């Protein structure tokens, strides 16, 4: 039954949801290298979040499994016996997992080293990366949303999920007629506020909108939230992440008993300082452990940052240009043919990326025998698993099918794009697969993708847990 499997995929692909759509599909046995199936394998397509497959691959190469990202605090000289220090610098180096308690535990160290007073200004130094925040062809109307958060070297991640450059916004109703309450989260007194929202009557029209008007740093809230409505929480992106990190640090410094007499802003370590005094540091977890919340959940902010820290290592420049050449190179050096690949970001958000499916499977093949093979696969969403940090974006897909708990694969989906590629490990040889499609008019053909993935898990020697 190998001819018979082809019959099946051929049929699953005649689906009426793939109308006008160029789908590209490859399936490869790892152990025997035999090509199980190939349809439009060398066609050039937009890979959405599948691009992260390449990014994460090059990130383990250029940076290693053992790489950590540093964050430090700097004055000109040690703190006065009086207590006094001048201008102080919160300086990040591309930690994609920097938290609020992490900031606070840095603010401890500044107090716990003899600082009682900053008489000067507080500066945020995200100069490890350049200040180009968004890729050329990202859509301005997407900017308000998490997947489109601005790129800095020094960005405060939010939550267990380490969503970068963002703020949680809570909107609670009051009584009907009164305007709604609006919590700006971290960005309280950093981000501007326009609150035109209102509490509507009990059980009425919920028409609440949250948006950050393009090219401002105002969170703007409109519409009605009914009085009996369960409180609304929303992640929004703020302008200049690093400056918010500076603000959250001013706040951290104050509660940790350190006065700041000046302002918060952006600015670099003057370089006209000789033996600059580092009075607080912080190391992030290793890359292997950061791969988890990144790949599992498909973190965009993370990928770009990694690209930029790749350009750092190889070239000494957190540039998108620099990094992407670095991503290109690492891949080449890993044995993968980068002919059909066009690189434009690390997250695959941009519609100016291109991958062939043959290339995906190529990379899946290769990464399957690198030293970091085991950390790389640990991070890929596992099909049908309830546990968010395991299921990832495959938590509520393929449950109770041959696929469940078997298929590690990365999703990706945009208007007009979708991909699902990864491994199907079984008794009948390790399996690598790629499913990438564009052109479809309806919803992302997840039913079609799932169907292919499951049938492979069956072929590999698997059965549904019912």
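Take the two forms, find the largest set of C-alpha atoms that superpose within 1.5 Å, and that set is the rigid core. Numbering follows the first chain given and starts at 1.
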By Cα RMS to this form in 9 other deposited structures of this protein after fitting the core, the stretch ranking higher of 74 to 82 and 124 to 132 is 74 to 82
In the PDB record, does 337 to 345 or 103 to 111 carry the higher mean Cα temperature factor? 103 to 111
When the C-alpha temperature factors are averaged for each of 39 to 47 and 55 to 63, which stretch ends up with the higher value in the entry? 39 to 47
Checking the record values for 302, 133, 119, 351, which has the greatest CA B factor? 119
Can you tell me which of 257, 144, 323, 316 has the maximum CA B-factor listed in the PDB entry? 257
Select lowest, middle or highest to describe the third in which the CA B-factor of residue 158 falls within its chain in this entry. lowest
In terms of the chain's CA B-factor thirds, is residue 273 lowest, middle or highest? highest
Position of residue 236 among the chain's modelled residues by C-alpha B-factor, lowest, middle or highest third: lowest
State the tercile, meaning the lowest, middle or highest third, of residue 28 with respect to the CA B-factors recorded for its chain. highest
Considering only modelled residues of the same chain, in which third does the CA B-factor of residue 165 rank: lowest, middle or highest? lowest
